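Undergrad: Experimental coordinates follow, after the sequence.
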Amino acid sequence: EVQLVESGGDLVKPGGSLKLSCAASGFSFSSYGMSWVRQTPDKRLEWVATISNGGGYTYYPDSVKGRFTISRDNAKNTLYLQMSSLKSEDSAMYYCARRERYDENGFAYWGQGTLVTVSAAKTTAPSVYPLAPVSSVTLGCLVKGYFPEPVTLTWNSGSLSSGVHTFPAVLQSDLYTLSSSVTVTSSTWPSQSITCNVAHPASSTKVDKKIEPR
Amino acid sequence: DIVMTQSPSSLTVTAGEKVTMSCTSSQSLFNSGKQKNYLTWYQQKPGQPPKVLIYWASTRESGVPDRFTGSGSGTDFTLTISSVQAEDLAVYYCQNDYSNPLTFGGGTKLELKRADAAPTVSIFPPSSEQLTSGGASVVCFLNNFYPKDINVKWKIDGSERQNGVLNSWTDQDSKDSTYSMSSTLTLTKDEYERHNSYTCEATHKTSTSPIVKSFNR
């Protein structure tokens, strides 16, 4: 399969540096131009850089010129983006993409992306709170004050997926809050346990929070 | 920079209908030597990266169903779906691939039409565990409603509170085409304790009267 895999995303302080890489497999890497494209938090797409198949020619929009450098190592099938003087504005999911031959160009076979968070806030574990109510009942789970993204949240270790809503995290005062609801029939809870399984990789936190009545 | 502007930002569609999306560049994307317009269309389905759909304005990539047709030249391009399917719900982006800086349009998001549905509202007082942090969050879930436009007011003892509210919305549910919203009201334990009545109310077009969920301590 032609495949591109981005790596290197992390939380970095403003003014800092970070090097991203993109491992290419399944095609002859030196025959193609390559690019980085980022998708910002509000879902806009921005071209970040392009490099010719040999590495001689590099192009950058003014927002990034002088701060980012794209380079490639054609013997090791790897593309790089060296970022320095990072700004809050550079927080985004970064993707590398192949520029197609036969003059098609464009951006193709995008990887799954790597997440870059540029911020002064430090890694903070979430506090997870059960939301119990004092045919169906809606229970919930509040995951408050974590940093950075992501957190993973499932109900009953994934067994419960119908009737579930997890709301996208929003940044309040440099900390994120996320919540999820699950609606089950009244015969289910409270006899059967409903547990909210939260994981925050950056602080190495895992919580299975049971939603009790009392 | 060539500015790419797409129209409309979002479009409600019924399945089986023809939909046309427009994309306008500020300068021509046509290359006279090569007799091609260098305009690419991308489709981004939720949770996944964009995929190239059509390039050189009208040539489809492999695997793209031919119900998609790209058209136009110069500065105005259209993407048409002859009969839109549920699997086509996505954001569609056009892109200037002609001159650097390479630029993207802002996207046209497709949403599926369904019958209006009123929200199921649920309110939750602060969990005791949270009370210990010195904080108190009251949560209201407004679930499974349609259309998406909705307004949420919090009242504490009948008076409106605008500060400390954090709302988050889901994208259209692929299982029933509905939307959901979460509204959280955070206060210090101190202020929470000196009030008795917490109200979350919503205005949505399924009702002349506000949907209200309240609890009294």
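TA: Nice, thanks for sending it over. Numbering: from 1, shown residues only, chains lettered A, B, ... in the order given.

Undergrad: what's near enough to touch the residue at minimal distance from the centre of chain B?
TA: Of all residues in chain B, the one closest to the mean position by C-alpha atoms, centre = their mean is residue B:171, 5.4 Å from it. When contacts are counted by C-beta atoms under 8 Å, 6 or more residues apart in numbering or on different chains, residue B:171 is found next to B:46, B:179. All C-beta spots, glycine's among them, are computed from the backbone N, C-alpha and C.

Undergrad: Phi, psi for the spatially most distant residue from the centre of chain B please.
TA: For chain B, the largest distance from the centre (C-alpha atoms, centre = their mean) belongs to residue B:33, which lies 40.4 Å off. Dihedral pair for residue B:33: phi -60, psi -50, per degrees, to the nearest 10.

Undergrad: Now stretch B:164-181: buried residues?
TA: Within stretch B:164-181, the residues that count as buried by 16 or more other C-beta atoms under 10 Å in any protein chain shown are B:164, B:165, B:166, B:168, B:170, B:172, B:173, B:177, B:178, B:179, B:180, B:181.

Undergrad: what's the farthest-apart pair in those residues?
TA: B:164 and B:177 (31.9 Å; C-beta to C-beta).

Undergrad: Report the separation between the nearest residue to residue A:97 once chain neighbours are set aside and residue B:118.
TA: Excluding its sequence neighbours, the residue lying closest to residue A:97 (C-beta to C-beta, 6 or more residues apart in numbering or on different chains) is residue A:107, at 3.7 Å. Using C-beta to C-beta, to the nearest Å, we find residue A:107 at a distance of 42 Å from residue B:118.

Undergrad: Which one's more surrounded, these two?
TA: A count of neighbours by other C-beta atoms under 10 Å in any protein chain shown puts residue A:107 above the other of residue A:107 and residue B:118, at 27 against 15.

Undergrad: Show residues contacting stretch A:182-201.
TA: Contacting residues not belonging to stretch A:182-201 are listed as A:125-126, A:128, A:130, A:135-141, A:143, A:146, A:150-158, A:160, A:163-165, A:180, A:205-213, B:120, B:143 [C-beta under 8 Å, 6+ apart].

Undergrad: Show me how the chain divides into domains.
TA: All of this is about chain A. Per curated CATH domains, the domain ranges recorded for chain A read A:1-120, A:121-213.

Undergrad: wrong chain, I was asking about chain B
TA: Domain segmentation of chain B under curated CATH domains yields B:1-114, B:115-216.

Undergrad: Columns distance to residue A:83 on top of those, output as TSV?
TA: Shown next, in TSV, are these (distance: least, C-beta to C-beta, whole Å):
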stretch	distance to residue A:83
domain B:1-114	18
domain B:115-216	29
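
Undergrad: Tell me which of those sits nearest to residue A:5.
TA: Among the domains of chain B, domain B:1-114 comes nearest to residue A:5, with 11.9 Å by C-beta to C-beta.

Undergrad: Any idea how far the closest one is from the middle of the chain?
TA: Remark: domain B:1-114 is offset 18 Å from the chain centroid, using C-alpha atoms, centre = their mean, to the nearest Å.
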